[PDB]
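Undergrad: Got query-v5.pdb for you, PDB, C-alpha atoms:
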```pdb
ATOM      1  CA  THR A 345      75.584  44.081  25.991  1.00  0.00           C
ATOM      2  CA  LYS A 346      77.405  42.314  23.151  1.00  0.00           C
ATOM      3  CA  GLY A 347      77.007  39.024  25.013  1.00  0.00           C
ATOM      4  CA  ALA A 348      73.271  39.586  25.458  1.00  0.00           C
ATOM      5  CA  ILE A 349      73.064  40.337  21.725  1.00  0.00           C
ATOM      6  CA  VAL A 350      74.591  36.931  21.040  1.00  0.00           C
ATOM      7  CA  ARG A 351      72.393  35.069  23.515  1.00  0.00           C
ATOM      8  CA  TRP A 352      69.107  36.686  22.443  1.00  0.00           C
ATOM      9  CA  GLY A 353      70.166  36.229  18.824  1.00  0.00           C
ATOM     10  CA  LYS A 354      70.557  32.491  19.334  1.00  0.00           C
ATOM     11  CA  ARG A 355      67.107  32.383  20.926  1.00  0.00           C
ATOM     12  CA  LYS A 356      65.664  34.262  17.928  1.00  0.00           C
ATOM     13  CA  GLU A 357      67.095  31.875  15.348  1.00  0.00           C
ATOM     14  CA  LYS A 358      65.743  28.900  17.287  1.00  0.00           C
ATOM     15  CA  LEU A 359      62.257  30.440  17.419  1.00  0.00           C
ATOM     16  CA  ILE A 360      62.310  31.199  13.681  1.00  0.00           C
ATOM     17  CA  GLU A 361      63.272  27.579  12.969  1.00  0.00           C
ATOM     18  CA  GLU A 362      60.566  26.104  15.209  1.00  0.00           C
ATOM     19  CA  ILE A 363      57.926  28.395  13.690  1.00  0.00           C
ATOM     20  CA  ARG A 364      59.023  27.321  10.213  1.00  0.00           C
ATOM     21  CA  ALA A 365      58.590  23.655  11.163  1.00  0.00           C
ATOM     22  CA  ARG A 366      55.211  24.181  12.846  1.00  0.00           C
ATOM     23  CA  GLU A 367      53.843  26.163   9.893  1.00  0.00           C
ATOM     24  CA  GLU A 368      55.109  23.424   7.563  1.00  0.00           C
ATOM     25  CA  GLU A 369      53.190  20.795   9.542  1.00  0.00           C
ATOM     26  CA  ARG A 370      50.144  23.082   9.676  1.00  0.00           C
ATOM     27  CA  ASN A 371      50.122  23.586   5.903  1.00  0.00           C
ATOM     28  CA  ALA A 372      50.309  19.818   5.367  1.00  0.00           C
ATOM     29  CA  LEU A 373      47.313  19.348   7.675  1.00  0.00           C
ATOM     30  CA  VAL A 374      45.397  22.056   5.791  1.00  0.00           C
ATOM     31  CA  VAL A 375      46.101  20.306   2.479  1.00  0.00           C
ATOM     32  CA  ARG A 376      44.928  16.909   3.753  1.00  0.00           C
ATOM     33  CA  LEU A 377      41.719  18.433   5.114  1.00  0.00           C
ATOM     34  CA  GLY A 378      41.330  20.187   1.757  1.00  0.00           C
ATOM     35  CA  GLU A 379      41.230  16.757   0.136  1.00  0.00           C
ATOM     36  CA  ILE A 380      38.850  15.251   2.699  1.00  0.00           C
ATOM     37  CA  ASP A 381      36.273  18.022   2.305  1.00  0.00           C
ATOM     38  CA  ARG A 382      36.327  17.509  -1.475  1.00  0.00           C
ATOM     39  CA  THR A 383      35.793  13.765  -1.026  1.00  0.00           C
ATOM     40  CA  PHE A 384      32.843  14.578   1.253  1.00  0.00           C
ATOM     41  CA  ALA A 385      31.343  16.835  -1.426  1.00  0.00           C
ATOM     42  CA  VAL A 386      31.569  14.089  -4.069  1.00  0.00           C
ATOM     43  CA  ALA A 387      30.312  11.375  -1.718  1.00  0.00           C
ATOM     44  CA  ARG A 388      27.441  13.497  -0.414  1.00  0.00           C
ATOM     45  CA  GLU A 389      26.148  14.171  -3.937  1.00  0.00           C
ATOM     46  CA  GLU A 390      26.349  10.457  -4.812  1.00  0.00           C
ATOM     47  CA  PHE A 391      24.612   9.603  -1.522  1.00  0.00           C
ATOM     48  CA  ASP A 392      21.751  11.982  -2.281  1.00  0.00           C
ATOM     49  CA  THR A 393      21.373  10.339  -5.700  1.00  0.00           C
ATOM     50  CA  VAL A 394      21.421   6.796  -4.312  1.00  0.00           C
ATOM     51  CA  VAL A 395      18.804   7.381  -1.611  1.00  0.00           C
ATOM     52  CA  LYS A 396      16.645   8.978  -4.312  1.00  0.00           C
ATOM     53  CA  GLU A 397      16.986   5.935  -6.578  1.00  0.00           C
ATOM     54  CA  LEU A 398      16.306   3.694  -3.556  1.00  0.00           C
ATOM     55  CA  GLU A 399      13.006   5.478  -2.961  1.00  0.00           C
ATOM     56  CA  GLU A 400      12.088   5.040  -6.636  1.00  0.00           C
ATOM     57  CA  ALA A 401      12.849   1.308  -6.497  1.00  0.00           C
ATOM     58  CA  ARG A 402      10.865   0.733  -3.300  1.00  0.00           C
ATOM     59  CA  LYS A 403       7.863   2.540  -4.797  1.00  0.00           C
ATOM     60  CA  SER A 404       8.064   0.325  -7.891  1.00  0.00           C
ATOM     61  CA  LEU A 405       8.342  -2.758  -5.670  1.00  0.00           C
ATOM     62  CA  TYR A 406       5.203  -1.901  -3.684  1.00  0.00           C
ATOM     63  CA  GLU A 407       3.204  -1.124  -6.841  1.00  0.00           C
ATOM     64  CA  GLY A 408       4.229  -4.434  -8.414  1.00  0.00           C
ATOM     65  CA  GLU A 409       3.198  -6.379  -5.331  1.00  0.00           C
ATOM     66  CA  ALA A 410      -0.176  -4.591  -5.383  1.00  0.00           C
ATOM     67  CA  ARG A 411      -0.791  -5.436  -9.038  1.00  0.00           C
ATOM     68  CA  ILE A 412      -0.011  -9.093  -8.271  1.00  0.00           C
ATOM     69  CA  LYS A 413      -2.477  -9.164  -5.367  1.00  0.00           C
ATOM     70  CA  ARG A 414      -5.185  -7.784  -7.663  1.00  0.00           C
ATOM     71  CA  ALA A 415      -4.426 -10.425 -10.299  1.00  0.00           C
ATOM     72  CA  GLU A 416      -4.618 -13.230  -7.711  1.00  0.00           C
ATOM     73  CA  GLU A 417      -7.969 -12.042  -6.343  1.00  0.00           C
ATOM     74  CA  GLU A 418      -9.262 -12.119  -9.923  1.00  0.00           C
ATOM     75  CA  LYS A 419      -7.749 -15.606 -10.279  1.00  0.00           C
ATOM     76  CA  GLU A 420      -9.681 -16.784  -7.227  1.00  0.00           C
ATOM     77  CA  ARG A 421     -12.961 -15.444  -8.593  1.00  0.00           C
ATOM     78  CA  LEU A 422     -12.352 -17.334 -11.834  1.00  0.00           C
ATOM     79  CA  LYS A 423     -11.390 -20.547 -10.024  1.00  0.00           C
ATOM     80  CA  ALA A 424     -14.647 -20.368  -8.083  1.00  0.00           C
ATOM     81  CA  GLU A 425     -16.578 -19.861 -11.337  1.00  0.00           C
ATOM     82  CA  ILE A 426     -14.866 -22.924 -12.821  1.00  0.00           C
ATOM     83  CA  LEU A 427     -15.532 -25.153  -9.830  1.00  0.00           C
ATOM     84  CA  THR A 428     -19.179 -24.037  -9.845  1.00  0.00           C
ATOM     85  CA  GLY A 429     -19.471 -24.800 -13.544  1.00  0.00           C
ATOM     86  CA  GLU A 430     -17.726 -28.159 -13.250  1.00  0.00           C
ATOM     87  CA  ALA A 431     -19.964 -29.297 -10.406  1.00  0.00           C
ATOM     88  CA  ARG A 432     -22.989 -28.903 -12.731  1.00  0.00           C
ATOM     89  CA  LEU A 433     -21.622 -31.027 -15.581  1.00  0.00           C
ATOM     90  CA  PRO A 434     -22.375 -34.577 -14.284  1.00  0.00           C
ATOM     91  CA  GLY A 435     -25.968 -33.585 -13.577  1.00  0.00           C
ATOM     92  CA  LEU A 436     -26.487 -32.014 -16.995  1.00  0.00           C
ATOM     93  CA  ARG A 437     -24.997 -35.028 -18.783  1.00  0.00           C
ATOM     94  CA  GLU A 438     -27.223 -37.354 -16.730  1.00  0.00           C
ATOM     95  CA  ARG A 439     -30.297 -35.309 -17.667  1.00  0.00           C
ATOM     96  CA  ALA A 440     -29.372 -35.423 -21.352  1.00  0.00           C
ATOM     97  CA  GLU A 441     -28.956 -39.218 -21.302  1.00  0.00           C
ATOM     98  CA  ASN A 442     -32.296 -39.703 -19.547  1.00  0.00           C
ATOM     99  CA  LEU A 443     -34.021 -37.405 -22.045  1.00  0.00           C
ATOM    100  CA  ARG A 444     -32.573 -39.209 -25.075  1.00  0.00           C
ATOM    101  CA  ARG A 445     -33.894 -42.437 -23.575  1.00  0.00           C
ATOM    102  CA  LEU A 446     -37.303 -40.876 -22.883  1.00  0.00           C
ATOM    103  CA  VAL A 447     -37.478 -39.634 -26.492  1.00  0.00           C
ATOM    104  CA  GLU A 448     -36.791 -43.118 -27.845  1.00  0.00           C
ATOM    105  CA  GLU A 449     -39.295 -44.627 -25.393  1.00  0.00           C
ATOM    106  CA  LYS A 450     -42.059 -42.255 -26.492  1.00  0.00           C
ATOM    107  CA  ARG A 451     -41.353 -42.912 -30.180  1.00  0.00           C
ATOM    108  CA  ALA A 452     -41.683 -46.660 -29.573  1.00  0.00           C
ATOM    109  CA  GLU A 453     -44.920 -46.177 -27.621  1.00  0.00           C
ATOM    110  CA  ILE A 454     -46.305 -44.063 -30.482  1.00  0.00           C
ATOM    111  CA  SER A 455     -45.396 -46.838 -32.920  1.00  0.00           C
ATOM    112  CA  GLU A 456     -47.152 -49.539 -30.877  1.00  0.00           C
ATOM    113  CA  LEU A 457     -50.286 -47.492 -30.336  1.00  0.00           C
ATOM    114  CA  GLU A 458     -50.389 -46.504 -34.020  1.00  0.00           C
ATOM    115  CA  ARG A 459     -50.198 -50.248 -34.762  1.00  0.00           C
ATOM    116  CA  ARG A 460     -53.258 -50.922 -32.604  1.00  0.00           C
ATOM    117  CA  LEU A 461     -55.182 -48.081 -34.271  1.00  0.00           C
ATOM    118  CA  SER A 462     -54.205 -49.612 -37.621  1.00  0.00           C
ATOM    119  CA  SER A 463     -55.439 -53.092 -36.685  1.00  0.00           C
ATOM    120  CA  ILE A 464     -58.708 -51.908 -35.117  1.00  0.00           C
ATOM    121  CA  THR A 465     -59.461 -49.500 -37.978  1.00  0.00           C
ATOM    122  CA  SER A 696     -65.665 -47.581 -31.830  1.00  0.00           C
ATOM    123  CA  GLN A 697     -63.362 -46.764 -28.931  1.00  0.00           C
ATOM    124  CA  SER A 698     -60.453 -46.076 -31.266  1.00  0.00           C
ATOM    125  CA  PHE A 699     -61.206 -42.480 -30.251  1.00  0.00           C
ATOM    126  CA  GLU A 700     -59.597 -43.206 -26.868  1.00  0.00           C
ATOM    127  CA  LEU A 701     -56.468 -44.451 -28.637  1.00  0.00           C
ATOM    128  CA  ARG A 702     -56.384 -41.302 -30.787  1.00  0.00           C
ATOM    129  CA  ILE A 703     -56.524 -39.094 -27.685  1.00  0.00           C
ATOM    130  CA  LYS A 704     -53.739 -41.160 -26.135  1.00  0.00           C
ATOM    131  CA  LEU A 705     -51.857 -40.624 -29.414  1.00  0.00           C
ATOM    132  CA  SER A 706     -52.019 -36.841 -29.261  1.00  0.00           C
ATOM    133  CA  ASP A 707     -50.905 -37.059 -25.610  1.00  0.00           C
ATOM    134  CA  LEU A 708     -47.905 -39.206 -26.543  1.00  0.00           C
ATOM    135  CA  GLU A 709     -47.098 -36.668 -29.280  1.00  0.00           C
ATOM    136  CA  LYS A 710     -47.185 -33.779 -26.811  1.00  0.00           C
ATOM    137  CA  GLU A 711     -44.905 -35.719 -24.435  1.00  0.00           C
ATOM    138  CA  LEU A 712     -42.391 -36.609 -27.137  1.00  0.00           C
ATOM    139  CA  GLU A 713     -42.353 -32.993 -28.311  1.00  0.00           C
ATOM    140  CA  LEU A 714     -41.698 -31.761 -24.759  1.00  0.00           C
ATOM    141  CA  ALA A 715     -38.954 -34.351 -24.222  1.00  0.00           C
ATOM    142  CA  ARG A 716     -37.214 -33.180 -27.403  1.00  0.00           C
ATOM    143  CA  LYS A 717     -37.432 -29.519 -26.431  1.00  0.00           C
ATOM    144  CA  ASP A 718     -36.067 -30.346 -22.964  1.00  0.00           C
ATOM    145  CA  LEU A 719     -33.214 -32.306 -24.545  1.00  0.00           C
ATOM    146  CA  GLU A 720     -32.352 -29.321 -26.750  1.00  0.00           C
ATOM    147  CA  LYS A 721     -32.335 -27.073 -23.676  1.00  0.00           C
ATOM    148  CA  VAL A 722     -30.124 -29.370 -21.561  1.00  0.00           C
ATOM    149  CA  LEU A 723     -27.657 -29.932 -24.396  1.00  0.00           C
ATOM    150  CA  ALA A 724     -27.431 -26.183 -25.030  1.00  0.00           C
ATOM    151  CA  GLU A 725     -26.844 -25.449 -21.344  1.00  0.00           C
ATOM    152  CA  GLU A 726     -24.143 -28.111 -21.036  1.00  0.00           C
ATOM    153  CA  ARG A 727     -22.441 -26.645 -24.111  1.00  0.00           C
ATOM    154  CA  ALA A 728     -22.670 -23.166 -22.568  1.00  0.00           C
ATOM    155  CA  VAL A 729     -21.172 -24.288 -19.228  1.00  0.00           C
ATOM    156  CA  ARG A 730     -18.275 -26.056 -20.972  1.00  0.00           C
ATOM    157  CA  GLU A 731     -17.649 -22.889 -23.024  1.00  0.00           C
ATOM    158  CA  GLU A 732     -17.677 -20.620 -19.980  1.00  0.00           C
ATOM    159  CA  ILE A 733     -15.250 -22.960 -18.235  1.00  0.00           C
ATOM    160  CA  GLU A 734     -12.855 -22.813 -21.185  1.00  0.00           C
ATOM    161  CA  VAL A 735     -13.014 -19.009 -21.241  1.00  0.00           C
ATOM    162  CA  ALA A 736     -12.328 -18.764 -17.516  1.00  0.00           C
ATOM    163  CA  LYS A 737      -9.349 -21.150 -17.855  1.00  0.00           C
ATOM    164  CA  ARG A 738      -7.824 -19.084 -20.687  1.00  0.00           C
ATOM    165  CA  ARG A 739      -8.202 -15.913 -18.652  1.00  0.00           C
ATOM    166  CA  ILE A 740      -6.517 -17.627 -15.692  1.00  0.00           C
ATOM    167  CA  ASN A 741      -3.600 -18.607 -17.952  1.00  0.00           C
ATOM    168  CA  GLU A 742      -3.416 -14.954 -19.045  1.00  0.00           C
ATOM    169  CA  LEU A 743      -3.279 -13.843 -15.430  1.00  0.00           C
ATOM    170  CA  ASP A 744      -0.553 -16.338 -14.538  1.00  0.00           C
ATOM    171  CA  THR A 745       1.574 -14.926 -17.368  1.00  0.00           C
ATOM    172  CA  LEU A 746       0.954 -11.369 -16.141  1.00  0.00           C
ATOM    173  CA  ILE A 747       1.887 -12.433 -12.600  1.00  0.00           C
ATOM    174  CA  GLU A 748       5.063 -14.136 -13.854  1.00  0.00           C
ATOM    175  CA  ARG A 749       6.066 -10.909 -15.632  1.00  0.00           C
ATOM    176  CA  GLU A 750       5.444  -8.831 -12.504  1.00  0.00           C
ATOM    177  CA  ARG A 751       7.425 -11.328 -10.398  1.00  0.00           C
ATOM    178  CA  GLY A 752      10.360 -11.092 -12.802  1.00  0.00           C
ATOM    179  CA  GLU A 753      10.281  -7.325 -12.391  1.00  0.00           C
ATOM    180  CA  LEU A 754      10.121  -7.673  -8.601  1.00  0.00           C
ATOM    181  CA  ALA A 755      13.220  -9.899  -8.641  1.00  0.00           C
ATOM    182  CA  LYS A 756      15.086  -7.334 -10.758  1.00  0.00           C
ATOM    183  CA  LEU A 757      14.026  -4.600  -8.316  1.00  0.00           C
ATOM    184  CA  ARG A 758      15.167  -6.633  -5.299  1.00  0.00           C
ATOM    185  CA  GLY A 759      18.601  -6.916  -6.906  1.00  0.00           C
ATOM    186  CA  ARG A 760      18.705  -3.192  -7.690  1.00  0.00           C
ATOM    187  CA  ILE A 761      17.686  -2.391  -4.109  1.00  0.00           C
ATOM    188  CA  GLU A 762      20.408  -4.629  -2.661  1.00  0.00           C
ATOM    189  CA  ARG A 763      23.079  -2.930  -4.776  1.00  0.00           C
ATOM    190  CA  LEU A 764      21.739   0.537  -3.905  1.00  0.00           C
ATOM    191  CA  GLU A 765      21.552  -0.235  -0.178  1.00  0.00           C
ATOM    192  CA  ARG A 766      25.166  -1.446  -0.152  1.00  0.00           C
ATOM    193  CA  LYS A 767      26.458   1.565  -2.107  1.00  0.00           C
ATOM    194  CA  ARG A 768      24.482   3.777   0.267  1.00  0.00           C
ATOM    195  CA  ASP A 769      25.923   2.163   3.391  1.00  0.00           C
ATOM    196  CA  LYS A 770      29.464   2.588   2.017  1.00  0.00           C
ATOM    197  CA  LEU A 771      28.706   6.240   1.255  1.00  0.00           C
ATOM    198  CA  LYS A 772      27.442   6.821   4.803  1.00  0.00           C
ATOM    199  CA  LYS A 773      30.526   5.079   6.234  1.00  0.00           C
ATOM    200  CA  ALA A 774      32.819   7.310   4.175  1.00  0.00           C
ATOM    201  CA  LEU A 775      30.744  10.238   5.506  1.00  0.00           C
ATOM    202  CA  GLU A 776      31.519   9.106   9.090  1.00  0.00           C
ATOM    203  CA  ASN A 777      35.183   8.859   8.329  1.00  0.00           C
ATOM    204  CA  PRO A 778      35.665  11.075  10.541  1.00  0.00           C
ATOM    205  CA  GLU A 779      39.247  12.273  10.223  1.00  0.00           C
ATOM    206  CA  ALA A 780      37.988  15.683   9.036  1.00  0.00           C
ATOM    207  CA  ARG A 781      37.422  16.625  12.683  1.00  0.00           C
ATOM    208  CA  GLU A 782      40.614  14.789  13.716  1.00  0.00           C
ATOM    209  CA  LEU A 783      42.474  17.312  11.578  1.00  0.00           C
ATOM    210  CA  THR A 784      40.351  20.381  12.371  1.00  0.00           C
ATOM    211  CA  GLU A 785      41.117  20.042  16.088  1.00  0.00           C
ATOM    212  CA  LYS A 786      44.811  19.338  15.419  1.00  0.00           C
ATOM    213  CA  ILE A 787      45.059  22.383  13.137  1.00  0.00           C
ATOM    214  CA  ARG A 788      43.520  24.405  15.962  1.00  0.00           C
ATOM    215  CA  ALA A 789      46.249  23.165  18.312  1.00  0.00           C
ATOM    216  CA  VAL A 790      49.216  23.704  15.984  1.00  0.00           C
ATOM    217  CA  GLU A 791      47.933  27.186  15.126  1.00  0.00           C
ATOM    218  CA  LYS A 792      47.713  27.942  18.855  1.00  0.00           C
ATOM    219  CA  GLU A 793      51.359  26.946  19.248  1.00  0.00           C
ATOM    220  CA  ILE A 794      52.400  29.009  16.215  1.00  0.00           C
ATOM    221  CA  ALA A 795      50.696  31.980  17.870  1.00  0.00           C
ATOM    222  CA  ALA A 796      52.597  31.344  21.119  1.00  0.00           C
ATOM    223  CA  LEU A 797      55.960  31.076  19.338  1.00  0.00           C
ATOM    224  CA  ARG A 798      55.308  34.256  17.348  1.00  0.00           C
ATOM    225  CA  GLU A 799      54.471  36.110  20.560  1.00  0.00           C
ATOM    226  CA  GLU A 800      57.774  35.065  22.143  1.00  0.00           C
ATOM    227  CA  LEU A 801      59.528  35.925  18.867  1.00  0.00           C
ATOM    228  CA  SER A 802      58.011  39.414  18.925  1.00  0.00           C
ATOM    229  CA  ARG A 803      59.333  39.955  22.462  1.00  0.00           C
ATOM    230  CA  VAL A 804      62.800  38.672  21.469  1.00  0.00           C
ATOM    231  CA  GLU A 805      62.872  40.959  18.414  1.00  0.00           C
ATOM    232  CA  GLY A 806      61.833  43.929  20.546  1.00  0.00           C
ATOM    233  CA  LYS A 807      64.684  43.096  22.908  1.00  0.00           C
ATOM    234  CA  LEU A 808      67.272  42.919  20.115  1.00  0.00           C
ATOM    235  CA  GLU A 809      65.889  46.080  18.461  1.00  0.00           C
ATOM    236  CA  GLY A 810      66.614  48.172  21.575  1.00  0.00           C
ATOM    237  CA  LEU A 811      69.945  46.540  22.441  1.00  0.00           C
TER     238      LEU A 811
END
```
Could you show the structure in this file as structure tokens?

TA:
Amino acid sequence: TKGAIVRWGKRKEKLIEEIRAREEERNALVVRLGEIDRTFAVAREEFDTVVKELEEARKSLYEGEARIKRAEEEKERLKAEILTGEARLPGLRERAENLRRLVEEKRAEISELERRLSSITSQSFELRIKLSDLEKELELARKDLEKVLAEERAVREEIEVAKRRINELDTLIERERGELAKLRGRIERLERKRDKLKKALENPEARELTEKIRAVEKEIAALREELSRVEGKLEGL
């Protein structure tokens, strides 16, 4: 009927309008999601980079700590060498003083006994034997003194060398520690950037829009099905 043409026609125009509005909304949603997915591409590449760099930094940190431990074990060996050397020095200096004194003593004894041989000159032969014995003893005392003095000089030298090497090691350790502090800063900055990247990657509005787009598309489908029935009605009326 004419009246049914009018009524169904009014229904048709309403359906067309509502479909137009729903498809408008749906396109907007699709655009927004099309920006989110791009942001996730960018962020996921940066995240991959940053966790890589973070691995590199942690490896460098461990290696630096290991080099420091090696340097400090070497430092402790050298400290023990120095303490061992230093504990010998009072004894060596005592020996040297006593040997200088013994040397002077023997020289004076040789002078006195030579004086008696001078004054007397039968049993001066005994004094002459005593003389050669005093000469052997003085000679030995002098050779011992040379040996003690040389050994004290050698111990002092070896102490100085160990101390210089220890200073060297402390400078190496200071350099490593400076690098470790720089790496701890780099790691803190990387960890923070990485946590922000993860948080952006759990945003999670991407799914908030995927489900909503599913719904609005379902409703568009429903409206188009009613529209198709209404059209088929008007096309046979």

Undergrad: Which one of A:387, A:372, A:422, A:808 sits closest to residue 737 of chain A if you count only C-alpha atoms?

TA: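 Under the stated criterion, the closest residue is A:422.
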
Undergrad: From the options A:415, A:775, A:705, A:787, which residue's atoms come nearest to residue 751 of chain A, counting all atoms listed in the file?

TA: A:415

Undergrad: What residues come out when you apply the PyMOL selection byres ((chain A and resi 743) around 12) to this file, written as a list in words?

TA: residues 411, 412, 413, 414, 415, 416, 417, 418, 419, 420, 421, 422, 423, 736, 737, 738, 739, 740, 741, 742, 744, 745, 746, 747, 748, 749 and 750 of chain A

Undergrad: Applying 12 Å and all atoms listed in the file, which residues near residue 397 of chain A remain after dropping the ones on its own chain fewer than 4 positions away? List them as a ChimeraX atom specification.

TA: /A:390-393,401-404,757,760-765,767-768

Undergrad: Rank nothing, just name the residue among A:777, A:733, A:399, A:462 nearest to residue 424 of chain A, using all atoms listed in the file.

TA: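 Distance minimum relative to residue 424 of chain A lands on A:733.
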
Undergrad: What is the distance, in Å and to one decimal place, between atom CA of residue 369 of chain A and atom CA of residue 794 of chain A?

TA: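 These atoms are spaced 10.6 Å apart.
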